[PDB]
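Undergrad: All I have is the shape, not the residue letters:
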């Protein structure tokens, strides 16, 4: 489907923002 | 529910972006 | 419907990204 | 429709991320 | 079709965030 990929990409975005916060701190 | 999943991930994204804003400022 | 909440959160995200742009500018 | 606004906001998010990348480069 | 555009923009956002992480590291 496509909503599954949308959710997975949003999860990847959450992970990448977590990593960005880690690197900023 | 898909839509519900998307709202929660976007809320996490908003929280992380607020954290990034306050880490920059 | 959750589409309204999705649009609200995306609008907040746009605002926060503009804030980040301005913070990186000066 | 709300899908058009979602696409528009995502496109603006892409533009803002491009601006962030350009500023960081 | 708007879902294809949404997935495309989300994938581009993921790529840009990966670039931001790779630039911060």
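TA: It's in. Numbers count the residues shown, from 1 in each chain, chains lettered A, B, ... in the order given.

Undergrad: helix, strand or coil for residue A:8?
TA: helix (DSSP: H, G, I helix; E, B strand; the rest coil).

Undergrad: Tally up the residues packed near it, please.
TA: Around residue A:8 there are 13 other residues, counting by other Cβ atoms under 10 Å in any protein chain shown. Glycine gets a C-beta too; all of them are placed from N, C-alpha and C.

Undergrad: how near is it to residue B:11?
TA: To residue B:11, residue A:8 is 17 Å away according to Cβ to Cβ, to the nearest Å.

Undergrad: mind listing the helices in chain A by residue range?
TA: A:3-24 (DSSP state H).

Undergrad: Chain E contacts on that one?
TA: A:2-3, A:5-6, A:9-10, A:12-13, A:16-17, A:19-20, A:23-24 (Cβ under 8 Å from any Cβ of the partner chain).

Undergrad: In PyMOL, how would I select just the buried ones from those residues?
TA: Entered in PyMOL, the line below selects the buried ones among those, by 16 or more other Cβ atoms under 10 Å in any protein chain shown:
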select buried, chain A and resi 6+9+10+12+13+16+17+19+20
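
Undergrad: The residues of chain A next to chain E also near chain B: which ones?
TA: A:3, A:6, A:10, A:13, A:17, A:20, A:24.

Undergrad: Run through the residues that contact the third one.
TA: Just to be clear, that refers to residue A:10. Residue A:10 makes contact with B:6, B:9, B:10, B:13, E:10, according to Cβ atoms under 8 Å, 6 or more residues apart in numbering or on different chains.

Undergrad: which residue packs closest to residue A:11, ignoring adjacent ones?
TA: Leaving aside its chain neighbours, residue A:11 sits nearest to residue B:9 (6.3 Å; criterion: Cβ to Cβ, 6 or more residues apart in numbering or on different chains).

Undergrad: ok, that neighbour touching residue A:15?
TA: No: Residue B:9 is not in contact with residue A:15 according to Cβ atoms under 8 Å; the separation is 10.6 Å.

Undergrad: doesn't residue E:11 make contact with residue A:9?
TA: Yes: in terms of Cβ under 8 Å, residue A:9 counts as a neighbour of residue E:11; the distance is 6.3 Å.
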